[PDB]
Amino acid sequence: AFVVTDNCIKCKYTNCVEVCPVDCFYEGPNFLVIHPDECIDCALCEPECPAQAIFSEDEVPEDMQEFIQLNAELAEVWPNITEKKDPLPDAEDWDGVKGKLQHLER
Ligand code: SF4
Ligand code: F3S
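Residues numbered from 1 in each chain as written, not as in the entry; some residues may be left out. Chains lettered and ligands numbered in written order. Heavy atoms only, no water.

Structure determination for this PDB entry was carried out by X-ray crystallography, with a resolution of 1.9 Å recorded in the header.

In the annotation of the PDB entry, the chain is listed under the name FERREDOXIN and assigned to Azotobacter vinelandii.

Quick look at the structure:
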């Protein structure tokens, strides 16, 4: 499985969803998650993220391990997103800011 981590929060560019061959991204207010059962590990989304927030689960940073689990449980509760959208208005001011998990919205 590929995993969306901290820097997607409050950016949510959604570039990643056009490349997914199996449409396994799910959408929250200010973040996206990958459903781990569905991902086929094609790695196509990882170069597409402006925020470089996607990682192979074996590559997730030591300080971001919580995201592996988070992606798995939020994917169960959020709706499927299959079309790109515009970025959050604010996206480019929040891109690169650390610790954005305290800003996550369910
Ligand atoms: S690795 Fe491939 S299948 Fe998995 S979320 Fe990315 S684009 Fe979709
Ligand atoms: S910022 Fe988030 S919505 Fe996709 S393009 Fe990057 S994982």
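Anyway, onward from the coordinates.
A. The UniProt feature "binding site: [3Fe-4S] cluster" in the chain, seen in detail. Per the UniProt record, the feature "binding site: [3Fe-4S] cluster" sits at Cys8, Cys16 and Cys49. The largest pairwise C-alpha distance within this set of annotated residues, which runs over 42 residues, is 10.7 Å, so the set is compact in three dimensions. Its location among the elements puts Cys8 in the loop between β1 (2–4) and β2 (25–28). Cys8 has contacts with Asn30, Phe31, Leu32 and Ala53, leaving out every residue within four places of it along the chain. (UniProt positions renumbered as here; feature names shortened; annotations may be inferred. Helix = DSSP H or I, 4+ residues; strand = E, 2+ residues; numbered from the N terminus. Contact = heavy atoms within 4.5 Å.)

B. Examining the nonpolar core more closely. Formed by 33 residues in total, the largest nonpolar core has its most connected members in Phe25, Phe31, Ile34 and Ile54. Of all the secondary structure elements, the ones that give two or more residues to this core are β1, β2, β3 (31–34), α1 (66–74) and α2 (91–94). If near-sequence neighbours (up to four positions away) are discounted, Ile54 is found in contact with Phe2, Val3, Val4, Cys16, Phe25, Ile34, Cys45, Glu46 and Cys49. (Core = buried A, V, L, I, M, F, W, Y, C linked by side-chain atoms within 4.5 Å. Buried < 20%, exposed > 50% of the residue type's maximum accessible area, 1.4 Å probe, protein only.)

C. Geometry of the environment of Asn71. Note on placement: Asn71 falls in helix α1. The buried category is assigned to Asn71, whose relative accessible area is 1%. Once the C-alpha coordinates of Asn71 and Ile34 are considered, the two residues, 37 residues apart in sequence, prove to be 5.9 Å apart. Ignoring any residue separated from it by four or fewer positions in sequence, one finds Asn71 in contact with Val3, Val4, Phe31, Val33 and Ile34.

D. Quick peek at the site of ligand 2. With respect to spatial proximity, the complete set of residues near ligand 2 consists of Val4, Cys8, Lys12, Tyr13, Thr14, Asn15, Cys16, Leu32, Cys49, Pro50, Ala51 and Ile54. Class assignment for the residues of the shell around ligand 2 results in 9 nonpolar, 2 polar and 1 charged. (Near = heavy atom within 4 Å. Nonpolar A, V, L, I, M, F, W, Y, C, P; charged D, E, K, R; others polar.)

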